[PDB]
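Here is the structure we will look at.
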Amino acid sequence: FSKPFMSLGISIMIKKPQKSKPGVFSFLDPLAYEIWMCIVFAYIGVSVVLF
Amino acid sequence: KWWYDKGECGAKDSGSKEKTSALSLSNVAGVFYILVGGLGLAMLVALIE
């Protein structure tokens with residue numbers, strides 16, 4: 001054999017994730033998508049109590 | 001070898017897996033309950049006064 005012209009090794013291939021950050025759907029992330037409706041219902045109920 | 005390497009558990013290595021749960025309603029349920037109790041108590045106090 002001649003001298004090695006191209007050296008190389010063992011590497012790692014992954015799925016390469018992108019910046020998949022959506023818009024409005026990322027806003028209502030941290031609590032729930034259903035606690036807010038009960039919050040609005042208790043809001044209008046307490047307003048009914050006040051009136 | 002025959003306990004850790006042969007075993008199927010990778011315990012005490014990983015740690016946190018970011019805990020991707022938003023928020024349960026169990027942190028909110030008793031708070032709703034004391035809200036309803038305060039509203040009903042205020043209703044009864046207003047009616048008796």
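As shown in the structure tokens, the chain order sets the letters A, B, ...; within each chain, residues go from 1, and ligands are also counted from 1 in the order they appear.
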Could you give me the residues within chain B that DSSP places in alpha helix (DSSP H), as a list in words?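 Restricting chain B to alpha helix (DSSP H) produces residues 26, 27, 28, 29, 30, 31, 32, 33, 34, 35, 36, 37, 38, 39, 40, 41, 42, 43, 44, 45, 46, 47 and 48 of chain B.
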Can those selected residues be exported to a file as a compact mmCIF listing (two decimals), in the first residue's frame so that it contains N, CA, C and O atoms?
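Listed below is the output, result-v9.txt:
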```txt
# COMPACT_ATOMS: atom_id res chain seq x y z
N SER B 26 -54.39 19.15 39.26
CA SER B 26 -54.32 18.83 40.69
C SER B 26 -53.72 19.98 41.49
O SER B 26 -54.04 20.16 42.67
N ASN B 27 -52.86 20.78 40.86
CA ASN B 27 -52.37 22.00 41.49
C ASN B 27 -53.42 23.10 41.51
O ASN B 27 -53.22 24.11 42.19
N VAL B 28 -54.51 22.94 40.77
CA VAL B 28 -55.53 23.97 40.63
C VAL B 28 -56.85 23.56 41.29
O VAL B 28 -57.69 24.43 41.56
N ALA B 29 -57.03 22.27 41.60
CA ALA B 29 -58.35 21.76 41.99
C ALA B 29 -58.77 22.24 43.38
O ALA B 29 -59.89 22.74 43.55
N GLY B 30 -57.88 22.12 44.37
CA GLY B 30 -58.17 22.67 45.69
C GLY B 30 -58.27 24.18 45.71
O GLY B 30 -58.98 24.74 46.55
N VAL B 31 -57.62 24.85 44.76
CA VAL B 31 -57.70 26.30 44.65
C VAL B 31 -59.07 26.70 44.12
O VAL B 31 -59.69 27.65 44.62
N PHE B 32 -59.57 25.97 43.12
CA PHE B 32 -60.97 26.09 42.69
C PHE B 32 -61.93 25.80 43.84
O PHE B 32 -62.97 26.45 43.97
N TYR B 33 -61.60 24.82 44.68
CA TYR B 33 -62.48 24.42 45.77
C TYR B 33 -62.59 25.52 46.82
O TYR B 33 -63.68 25.84 47.30
N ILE B 34 -61.45 26.14 47.18
CA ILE B 34 -61.50 27.22 48.16
C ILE B 34 -62.10 28.48 47.53
O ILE B 34 -62.73 29.27 48.24
N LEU B 35 -62.01 28.63 46.20
CA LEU B 35 -62.73 29.70 45.51
C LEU B 35 -64.24 29.53 45.64
O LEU B 35 -64.96 30.48 45.98
N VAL B 36 -64.74 28.32 45.36
CA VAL B 36 -66.17 28.02 45.47
C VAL B 36 -66.65 28.15 46.91
O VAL B 36 -67.74 28.68 47.17
N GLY B 37 -65.82 27.73 47.88
CA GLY B 37 -66.18 27.88 49.28
C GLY B 37 -66.26 29.33 49.72
O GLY B 37 -67.18 29.72 50.44
N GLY B 38 -65.31 30.16 49.27
CA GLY B 38 -65.38 31.58 49.55
C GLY B 38 -66.56 32.27 48.91
O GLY B 38 -67.20 33.14 49.53
N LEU B 39 -66.90 31.89 47.67
CA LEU B 39 -68.07 32.46 47.00
C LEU B 39 -69.36 32.09 47.72
O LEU B 39 -70.22 32.95 47.93
N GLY B 40 -69.50 30.82 48.11
CA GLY B 40 -70.70 30.41 48.82
C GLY B 40 -70.81 31.02 50.21
O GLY B 40 -71.91 31.38 50.65
N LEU B 41 -69.68 31.16 50.90
CA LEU B 41 -69.68 31.83 52.20
C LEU B 41 -70.07 33.29 52.07
O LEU B 41 -70.84 33.81 52.88
N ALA B 42 -69.58 33.96 51.02
CA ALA B 42 -69.94 35.35 50.79
C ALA B 42 -71.41 35.49 50.41
O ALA B 42 -72.07 36.46 50.82
N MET B 43 -71.95 34.52 49.65
CA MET B 43 -73.37 34.51 49.33
C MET B 43 -74.22 34.40 50.59
O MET B 43 -75.17 35.17 50.78
N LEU B 44 -73.89 33.45 51.47
CA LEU B 44 -74.67 33.25 52.69
C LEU B 44 -74.55 34.44 53.64
O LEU B 44 -75.55 34.84 54.25
N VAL B 45 -73.35 35.04 53.75
CA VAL B 45 -73.17 36.20 54.61
C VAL B 45 -73.95 37.40 54.08
O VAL B 45 -74.63 38.11 54.84
N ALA B 46 -73.93 37.61 52.75
CA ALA B 46 -74.69 38.70 52.15
C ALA B 46 -76.19 38.50 52.32
O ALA B 46 -76.92 39.45 52.61
N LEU B 47 -76.66 37.25 52.19
CA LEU B 47 -78.09 36.99 52.35
C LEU B 47 -78.55 37.16 53.79
O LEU B 47 -79.63 37.72 54.03
N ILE B 48 -77.74 36.73 54.77
CA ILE B 48 -78.18 36.88 56.16
C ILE B 48 -78.09 38.34 56.59
O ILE B 48 -78.92 38.81 57.38
```
Up to 12 Å from chain B, what residues of chain A turn up? Count only C-alpha atoms and give them as a PDB file with N, CA and C atoms, in the first residue's frame.
```pdb
ATOM      1  N   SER A  26     -47.557  27.844  20.566  1.00  0.00           N
ATOM      2  CA  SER A  26     -46.540  27.862  21.611  1.00  0.00           C
ATOM      3  C   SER A  26     -46.890  28.797  22.763  1.00  0.00           C
ATOM      4  N   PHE A  27     -47.896  29.658  22.601  1.00  0.00           N
ATOM      5  CA  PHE A  27     -48.231  30.603  23.663  1.00  0.00           C
ATOM      6  C   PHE A  27     -48.960  29.923  24.812  1.00  0.00           C
ATOM      7  N   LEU A  28     -49.979  29.127  24.501  1.00  0.00           N
ATOM      8  CA  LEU A  28     -50.776  28.442  25.510  1.00  0.00           C
ATOM      9  C   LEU A  28     -50.164  27.116  25.953  1.00  0.00           C
ATOM     10  N   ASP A  29     -48.854  26.958  25.751  1.00  0.00           N
ATOM     11  CA  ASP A  29     -48.129  25.784  26.237  1.00  0.00           C
ATOM     12  C   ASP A  29     -48.171  25.586  27.753  1.00  0.00           C
ATOM     13  N   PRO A  30     -47.664  26.511  28.597  1.00  0.00           N
ATOM     14  CA  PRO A  30     -47.106  26.065  29.888  1.00  0.00           C
ATOM     15  C   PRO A  30     -48.127  25.620  30.924  1.00  0.00           C
ATOM     16  N   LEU A  31     -49.383  26.055  30.838  1.00  0.00           N
ATOM     17  CA  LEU A  31     -50.376  25.596  31.817  1.00  0.00           C
ATOM     18  C   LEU A  31     -51.165  24.409  31.276  1.00  0.00           C
ATOM     19  N   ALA A  32     -51.966  24.650  30.237  1.00  0.00           N
ATOM     20  CA  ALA A  32     -52.853  23.678  29.595  1.00  0.00           C
ATOM     21  C   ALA A  32     -53.517  24.373  28.416  1.00  0.00           C
ATOM     22  N   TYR A  33     -54.376  23.629  27.723  1.00  0.00           N
ATOM     23  CA  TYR A  33     -55.310  24.205  26.767  1.00  0.00           C
ATOM     24  C   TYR A  33     -56.750  24.098  27.250  1.00  0.00           C
ATOM     25  N   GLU A  34     -56.959  23.703  28.505  1.00  0.00           N
ATOM     26  CA  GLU A  34     -58.299  23.521  29.048  1.00  0.00           C
ATOM     27  C   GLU A  34     -58.515  24.143  30.420  1.00  0.00           C
ATOM     28  N   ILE A  35     -57.457  24.484  31.159  1.00  0.00           N
ATOM     29  CA  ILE A  35     -57.629  25.176  32.434  1.00  0.00           C
ATOM     30  C   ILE A  35     -58.121  26.600  32.196  1.00  0.00           C
ATOM     31  N   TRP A  36     -57.693  27.213  31.084  1.00  0.00           N
ATOM     32  CA  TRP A  36     -58.063  28.587  30.746  1.00  0.00           C
ATOM     33  C   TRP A  36     -59.565  28.754  30.548  1.00  0.00           C
ATOM     34  N   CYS A  38     -61.911  27.007  32.156  1.00  0.00           N
ATOM     35  CA  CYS A  38     -62.454  27.047  33.509  1.00  0.00           C
ATOM     36  C   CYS A  38     -62.133  28.365  34.202  1.00  0.00           C
ATOM     37  N   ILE A  39     -60.991  28.970  33.870  1.00  0.00           N
ATOM     38  CA  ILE A  39     -60.641  30.285  34.403  1.00  0.00           C
ATOM     39  C   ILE A  39     -61.613  31.347  33.899  1.00  0.00           C
ATOM     40  N   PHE A  41     -64.652  30.738  32.829  1.00  0.00           N
ATOM     41  CA  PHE A  41     -65.964  30.418  33.389  1.00  0.00           C
ATOM     42  C   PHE A  41     -66.088  30.903  34.829  1.00  0.00           C
ATOM     43  N   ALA A  42     -65.031  30.737  35.628  1.00  0.00           N
ATOM     44  CA  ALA A  42     -65.039  31.281  36.982  1.00  0.00           C
ATOM     45  C   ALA A  42     -65.008  32.804  36.974  1.00  0.00           C
ATOM     46  N   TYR A  43     -64.357  33.399  35.970  1.00  0.00           N
ATOM     47  CA  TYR A  43     -64.353  34.849  35.801  1.00  0.00           C
ATOM     48  C   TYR A  43     -65.757  35.391  35.571  1.00  0.00           C
ATOM     49  N   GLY A  45     -68.527  33.825  36.177  1.00  0.00           N
ATOM     50  CA  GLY A  45     -69.343  33.496  37.334  1.00  0.00           C
ATOM     51  C   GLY A  45     -69.177  34.479  38.478  1.00  0.00           C
ATOM     52  N   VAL A  46     -67.936  34.887  38.758  1.00  0.00           N
ATOM     53  CA  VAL A  46     -67.693  35.879  39.802  1.00  0.00           C
ATOM     54  C   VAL A  46     -68.225  37.249  39.382  1.00  0.00           C
ATOM     55  N   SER A  47     -68.210  37.554  38.077  1.00  0.00           N
ATOM     56  CA  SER A  47     -68.847  38.788  37.615  1.00  0.00           C
ATOM     57  C   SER A  47     -70.364  38.735  37.796  1.00  0.00           C
ATOM     58  N   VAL A  48     -70.966  37.558  37.590  1.00  0.00           N
ATOM     59  CA  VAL A  48     -72.392  37.373  37.871  1.00  0.00           C
ATOM     60  C   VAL A  48     -72.671  37.534  39.362  1.00  0.00           C
ATOM     61  N   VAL A  49     -71.763  37.037  40.208  1.00  0.00           N
ATOM     62  CA  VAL A  49     -71.889  37.200  41.660  1.00  0.00           C
ATOM     63  C   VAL A  49     -71.834  38.675  42.049  1.00  0.00           C
ATOM     64  N   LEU A  50     -70.917  39.428  41.438  1.00  0.00           N
ATOM     65  CA  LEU A  50     -70.790  40.852  41.736  1.00  0.00           C
ATOM     66  C   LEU A  50     -72.001  41.640  41.257  1.00  0.00           C
TER      67      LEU A  50
END
```
Calculate how many Å separate CA of residue 16 in chain B from CA of residue 1 in chain B, rounding to one decimal. 25.7 Å
